[PDB]
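Here the structure comes first, spelled out in structure tokens, and everything after it is commentary.
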Amino acid sequence: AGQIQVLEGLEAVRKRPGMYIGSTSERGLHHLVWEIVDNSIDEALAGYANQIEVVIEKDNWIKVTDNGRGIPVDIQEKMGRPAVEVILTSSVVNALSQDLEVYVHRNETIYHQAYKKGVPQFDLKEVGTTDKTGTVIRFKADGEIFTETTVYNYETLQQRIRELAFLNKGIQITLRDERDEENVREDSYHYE
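Going letter by letter, the sequence shown gives residues 16 to 104, 128 to 230 in PDB author numbering.
In structure tokens form, the structure reads like this:
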């Protein structure tokens with residue numbers, strides 16, 4: 016009933032995406048980024064993160080990395096599934135992405151899962167070890183939803199990242215554009 020309700024939630028979001036993110040225009044595309052960055056900001060305001068990095072990768076993938084606690088990976092009673100899987104299968131960003139990957143650094147372990155249109159492609163797996171904590175989310179916006187454009191605008195991302203850092207002082211937020219490997223741009227904000 017848990018995983019059935021998951022699938023029904025994905026179908027709902029993909030049927031009426033603008034009801035979830037405002038629009039499927041360039042504005043909605045950028046809202047995907049905001050949805051993930053907002054989660055990282057909450058983790059900083061909880062006392063647990065102080066560095067957020069947004070990268071526009073080749074072919075307009077987005078990677079958001081924070082140094083928070085890591086999304087938890089313990090098995091839930093509610094679902095019988097790892098908590099990160101529950102959190103990401128109920129994510130609007132995930133449902134509206136053709137592909138999304140998560141890497142969690144927690145318990146000195148690196149955990150990975152990948153999804154397509156919100157559906158897990160394999161069970162969460164341990165892939166390596168670490169001495170850090172935090173979460174990496176990489177996603178590619180689904181062009182079946184974002185039918186006008188899937189190309190991000192650096193200046194749009196930059197303006198709002200700068201605003202976020204000014205508003206949440208002490209958080210270092212970095213934007214980087216790696217789309218053109220020959221000319222990489224990076225802006226790094228850190229107020230007080």
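Each residue gets a CB set at the ideal place from its N, CA and C atoms; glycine is no exception.
If you compare alpha carbons, which of the options is closest to residue i?
i: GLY172; options: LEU138, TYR227, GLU58 and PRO32; result: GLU58
i: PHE184; options: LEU202, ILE36 and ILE90; result: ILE36
i: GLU92; options: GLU216, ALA16 and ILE211; result: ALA16
i: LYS207; options: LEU44, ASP218 and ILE56; result: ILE56
i: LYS154; options: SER129, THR167 and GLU164; result: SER129
i: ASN132; options: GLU220, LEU25 and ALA98; result: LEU25
i: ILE102; options: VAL88, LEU134 and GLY166; result: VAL88
i: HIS46; options: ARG144, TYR190, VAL222 and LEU22; result: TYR190
First and last residue of the beta strand (DSSP E) that includes residue i?
i: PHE204; result: Premise fails: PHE204 lies in the alpha helix (DSSP H), 192 to 205, not in any beta strand (DSSP E).
i: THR80; result: 76 to 81
i: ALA179; result: 172 to 179
Can you have a look at residue i and say buried or exposed, based on whether 16 or more other CB atoms are within 10 angstroms of its CB?
i: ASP74; result: exposed
i: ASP81; result: buried
i: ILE211; result: buried
Could you tell me whether any Cβ in chain C is nearer than 8 angstroms to the Cβ of residue i?
i: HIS150; result: Included in the structure is just one protein chain, with no chain C present.
For residue i, list the residues DSSP reports as bridge partners.
i: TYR153; result: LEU138 and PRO158
i: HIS228; result: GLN210
i: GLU164; result: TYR149
Three or more C-beta pairs closer than 8 angstroms, one from the segment 144 to 154 and one from the segment 192 to 204: is that the case here? no
May I ask you to verify whether the segment 136 to 144 touches the segment 161 to 181, counting CB pairs closer than 8 angstroms and requiring at least 3? yes
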